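Written below as structure tokens is the structure these notes are about.
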Amino acid sequence: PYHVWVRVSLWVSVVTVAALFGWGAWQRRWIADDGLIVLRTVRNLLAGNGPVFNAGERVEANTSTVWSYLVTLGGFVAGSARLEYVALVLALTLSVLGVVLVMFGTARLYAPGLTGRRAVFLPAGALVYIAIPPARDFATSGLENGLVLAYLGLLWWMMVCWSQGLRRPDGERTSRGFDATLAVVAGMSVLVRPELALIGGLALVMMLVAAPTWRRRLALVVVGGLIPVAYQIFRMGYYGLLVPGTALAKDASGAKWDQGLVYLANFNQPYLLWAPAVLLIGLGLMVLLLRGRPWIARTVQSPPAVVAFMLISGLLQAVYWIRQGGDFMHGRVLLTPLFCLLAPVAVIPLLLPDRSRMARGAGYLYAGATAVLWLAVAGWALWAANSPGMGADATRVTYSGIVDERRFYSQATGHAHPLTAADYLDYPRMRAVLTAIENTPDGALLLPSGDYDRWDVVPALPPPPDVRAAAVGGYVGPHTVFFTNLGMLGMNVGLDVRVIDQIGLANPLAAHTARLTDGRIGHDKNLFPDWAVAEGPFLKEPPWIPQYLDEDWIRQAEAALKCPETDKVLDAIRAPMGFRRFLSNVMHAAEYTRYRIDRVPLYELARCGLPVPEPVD
Amino acid sequence: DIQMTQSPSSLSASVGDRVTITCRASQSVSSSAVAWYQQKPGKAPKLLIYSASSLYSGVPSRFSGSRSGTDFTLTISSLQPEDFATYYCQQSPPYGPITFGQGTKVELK
Amino acid sequence: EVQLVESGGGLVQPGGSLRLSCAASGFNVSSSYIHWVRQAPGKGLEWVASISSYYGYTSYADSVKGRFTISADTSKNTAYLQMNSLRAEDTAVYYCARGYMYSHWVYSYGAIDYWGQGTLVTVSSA
Ligand SMILES: CCCCCCCC/C=C/CCCCCCCC(=O)O[C@H](COC(=O)CCCCCCCCCCCCCCC)COP(=O)(O)OCCN
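Chains as they are written, first to last, in the authors' numbering: chain C, 29 to 322, 335 to 657; chain A, 0 to 108; chain B, 1 to 126.
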């Protein structure tokens with residue numbers, strides 16, 4: 029509801045950004061290894077087995093709870109058996125929608141002060157974000173980044189409208205339906221990502237401040253958090269824990285500020301991120317002076345408050361991620377704070393100053409500085425788009441674990457755009473596993489071999505008579521694979537083959553182990569293969585096992601596995617589900633969550649209080 | 000506890016002779032991870048034999064090892080003047096503790 | 001070339017503390033086993049402690065189990081050994097060494113490949 033040039037300008041700018049961003053995300057097509065882990069859970073859920081990684085166990089492997097079910101719905105609607113295309117389409121659409129939403133939300137912030145004026149809208153903070161090459165790397169992978177972008181854009185627009193909605197129509201701020209919708213949207217943040225709660229919850233607090241009475245506060249708090257409470261109850265009843273389990277596997281001991289600073293420097297130095305920040309701060313502090321240099337309830341619901349809320353949210357997210365320790369990818373975890381910090385300057389107005397503040401030649405010089413600053417920002421973006429990137433250090437393991445994943449997997453395979461699971465069959469140990477499985481009708485345990493790029497085989501116990509014969513379509517024994525990269529194996533082997541890792545993403549035994557040494561980020565807490573041999577229907581004697589395994593350790597682990605307290609936790613996720621199982625799992629989730637075991641079997645025996653088995657000799 | 004008894008403690012040999020050193024354990028040695036080392040006075044040890052029957056990279060062919068049940072043996076044929084040092088037998092499981100033996104010394108006459 | 005450079009050592013009062021360091025070149029400490037071995041004057045060899053960063057495993061001898069401490073700083077490729085309550089019979093030349101690993105995965109043969117030069121520590125005094 030403003031003048032014609034203001035209406036058209038904004039529109040064209042938006043279109044431009046969208047187009048470019050789309051192109052920038054089509055020339056870099058790939059799917060990550062971590063993106064193929066969601067698809068196995070989706071396949072299990074569409075097969076009638078439930079939200080699990082393996083059919084016989086109830087283990088949570090996805091930390092989004094919304095991306096997984098959205099992809100499940102998409103794969104249910106689409107009758108095609110390919111799920112990578114669903115993920116590609118959804119990620120692209122969500123990223124573009126989020127950028128459009130944030131631009132439209134920022135325009136309404138400046139709209140009220142442009143009444144009866146001639147001005148234009150120019151894209152400032154939207155171009156900067158899409159100029160960064162890692163932003164276009166992760167705009168199309170199998171992760172949930174686009175979902176985060178869309179959620180943040182919607183929340184920003186709704187909060188701006190809520191802050192500006194104060195007009196006192198009938199002694200009330202806004203309508204009740206809008207308040208309920210905003211409360212539900214704010215409460216829905218913990219499901220999307222856990223650390224995002226600090227954003228959404230903050231918004232909720234503001235609403236609770238502005239309510240006139242206690243009745244409205246109770247209504248808002250009840251409406252806001254119904255769905256997260258229901259899902260928490262379901263998770264406690266079904267999985268027997270208070271947390272997804274991947275967070276349970278890590279056993280933190282404190283802050284790591286030095287690694288976070290190293291990660292921040294590594295992110296900054298390819299692209300020189302300080303110059304756009306300085307220029308955008310200059311533009312922001314310059315645009316405010318033209319508008320003019322110049335109880336708690338009125339103050340909280342004001343346009344000045346939402347800007348501070350967004351900036352504080354961005355700073356808090358950055359501090360949390362820096363204290364955590366960073367990541368082993370180039371720029372993955374520092375994009376959400378960057379998106380949050382650039383929201384208030386996503387689009388800027390350019391206009392001739394009023395006659396009542398500066399006369400004639402003083403207004404002709406105020407627009408020139410704004411134009412020159414915008415031109416400098418555009419030049420920086422154009423330069424930084426065509427940047428080589430991290431450099432010739434993203435293909436090996438250096439002193440730090442940070443690496444560029446897209447080029448790593450492009451050279452690991454032989455494809456410039458690895459998009460499907462058939463493209464990942466060219467990994468060095470991928471074609472051999474199929475033949476290894478096909479050559480063992482009675483089943484086996486597969487381990488990496490230290491001499492070549494094939495697999496070592498540990499056979500299983502043969503079936504007894506009258507059980508081998510009573511089989512449908514022949515008899516197939518149990519197959520288990522022990523490895524570190526799960527997505528490529530999980531999307532290839534099949535739904536009746538058990539795929540386990542060592543850190544504890546899908547291994548319930550390795551997630552209950554304690555920590556002794558810090559080591560490298562993410563590649564520091566690995567379980568011995570002797571534990572894997574100990575549990576499973578496989579042989580345990582030297583004529584059938586490789587020479588780098590210790591049989592005394594195998595016997596000690598086998599004897600330690602019969603602890604009464606370990607048995608309860610094991611059957612919490614393996615016994616058939618019913619009503620009493622749901623109730624017992626709800627009552628004992630807290631104590632199951634805070635349970636730890638020791639890596640070395642002898643010390644475990646010592647802790648539990650069980651006798652030591654005699655030497656095999 | 001695993002203990003290794005190395006014998007003899009001092010050998011007198013001349014140039015171009017055959018030298019045999021025997022290291023003996025007590026319990027099961029199914030690991031078969033016995034390794035042999037060489038150390039000259041004032042220096043760090045050098046690896047010669049690993050897995051009790053395998054010869055390391057760069058080591059001359061004069062050195063050999065054999066597993067006679069619980070007994071282990073090192074063999075040198077036609078020693079050269081640059082072979083007079085002190086030797087050690089070592090045992091270790093895949094993760095378990097390292098155990099050494101009492102060194103032997105060879106002289107020249 | 002693979003190198004192992006050792007530093008930190010000297011005279012200490014009985015009941016004192018002294019730390020040891022070892023810098024590695026040519027390989028990553030995150031995929032190999034590191035051992036500490038000492039040699040008392042006129043004596044044989046003796047294993048002290050070991051560490052594996054890939055597995056989070058740490059092991060000590062029975063004589064120095066509660067008083068010594070071995071760690072690793074993968075950011076600088078360095079290994080450490082803290083020594084506390086140093087009784088007078090802890091004087092020897094201390095060596096750092098690397099294990100002989102399999103080529104295609106993280107397994108060990110049970111032997112030692114490369115030995116450092118050594119750094120003597122005198123724990124007597126007066
Ligand atoms: C950067 C990290 C910050 C962390 C620390 C928290 C700081 C919190 C401070 C912010 C609160 C005060 C400043 C914001 C309020 C400005 C006024 C405002 O929003 O008003 C509105 C003005 O229009 C706007 O939306 C423009 C205001 C924001 C412009 C500055 C943009 C900030 C972002 C720039 C810095 C980030 C760039 C660097 C990127 C890494 C209209 O409201 P109104 O109806 O006129 O009523 C208010 C009377 N003028």
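Where is the CB? At the ideal position from N, CA and C, for every residue including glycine.
Under the Cβ distance rule, residue 86 of chain B does not count among the residues neighbouring chain A, no pair being separated by less than 8 Å. In the DSSP assignment, residue 151 of chain C is bridged to C:387. The region 382–391 of chain C and the region 142–160 of chain C touch, with no fewer than 3 CB-CB distances between them shorter than 8 Å. The CB of residue 27 of chain A comes closer than 9 Å to the CB of 655, 656 and 657 in chain C, given here in chain order. Taking a C-beta distance under 8 Å as the contact criterion, residue 549 of chain C and residue 571 of chain C qualify as a contact pair.
If you draw a straight line from the Cα of residue 176 of chain C to the Cα of residue 222 of chain C, it is about 12 Å long. Residue side-chain check: residue 348 of chain C places its Cβ nearer than 7 Å to a non-hydrogen atom of ligand 1.
A distance criterion of 7 Å places the beta-carbon of residue 319 of chain C in contact range of ligand 1, judged by its closest non-hydrogen atom. A straight line joining the alpha-carbon of residue 579 of chain C with that of residue 485 of chain C spans about 10 Å.
Sequence-distant Cβ neighbours of residue 455 of chain C in its own chain, meaning closer than 7 Å and more than five residues away, are 463. With fewer than 16 other Cβ atoms from the protein chains shown falling within 10 Å of its own Cβ, residue 336 of chain C counts as exposed. The CB of residue 94 of chain A comes closer than 7 Å to the CB of 590 in chain C, given here in chain order. With respect to chain B, the C-beta atom of residue 102 of chain A has a partner C-beta closer than 8 Å.
Of all alpha-carbon atoms in C:263, C:426 and C:367, the one lying nearest the alpha-carbon of residue 79 of chain C is that of C:263. Taking all protein chains shown into account, residue 376 of chain C has 16 or more neighbouring C-beta atoms within 10 Å of its C-beta and is therefore buried. Counting along the chain, residue 605 of chain C sits inside the alpha helix (DSSP H) bounded by residues 604–612. In this structure, residue 552 of chain C and residue 636 of chain C form a Cβ contact; the two beta carbons are roughly 6 Å apart against a cut-off of 8 Å. Here residue 565 of chain C is buried. Its C-beta has 16 or more other C-beta atoms within 10 Å. Classified as buried, residue 625 of chain C has 16 or more neighbouring CB atoms from the shown chains inside 10 Å of its CB. A Cβ-Cβ contact shorter than 8 Å links residue 13 of chain A with residue 107 of chain A. Burial state of residue 388 of chain C is buried, judged by a 10 Å Cβ sphere holding 16 or more other Cβ atoms.
8 Å or more divides the Cβ of residue 365 of chain C from the Cβ of residue 278 of chain C. It is roughly 21 Å from the alpha-carbon of residue 104 of chain C to the alpha-carbon of residue 91 of chain C. In the same chain as residue 629 of chain C, and ignoring 5 residues on each side of it, the C-beta atoms closer than 8 Å to its own belong to 264, 268, 269 and 270, in chain order.
Under DSSP, residue 83 of chain B takes part in a beta bridge, and its partners are B:18 and B:68. Considering only beta carbons, the part of the region 88–104 of chain B lying closer than 9 Å to chain C consists of 101, 102, 103 and 104, in chain order.
Cβ contact annotation for residue 17 of chain A (same chain, cutoff 6 Å, sequence separation greater than five): 76, in chain order. Contact check for residue 37 of chain B against residue 53 of chain B fails: the beta carbons are separated by 8 Å or more. At a cut-off of 7 Å, the beta-carbon of residue 120 of chain B does not count as near ligand 1: no heavy atom of the ligand is closer than that. Under the Cβ criterion of 8 Å, residue 437 of chain C is counted among the residues facing chain B. At least 8 Å separates the CB of residue 7 of chain A from every CB of chain B. At a cut-off of 8 Å, the C-beta of residue 586 of chain C has no neighbouring C-beta in chain A. The region 308–321 of chain C and the region 396–413 of chain C touch, with three or more beta-carbon pairs separated by less than 8 Å. A contact is defined here as three or more CB-CB pairs under 8 Å, and the region 64–82 of chain B fails this definition with respect to the region 39–59 of chain A.
Taking 8 Å as the cut-off, the Cβ atoms of residue 87 of chain A and residue 64 of chain A do not count as close. Cβ atoms of residue 343 of chain C and residue 427 of chain C stay farther apart than 8 Å, at about 36 Å.
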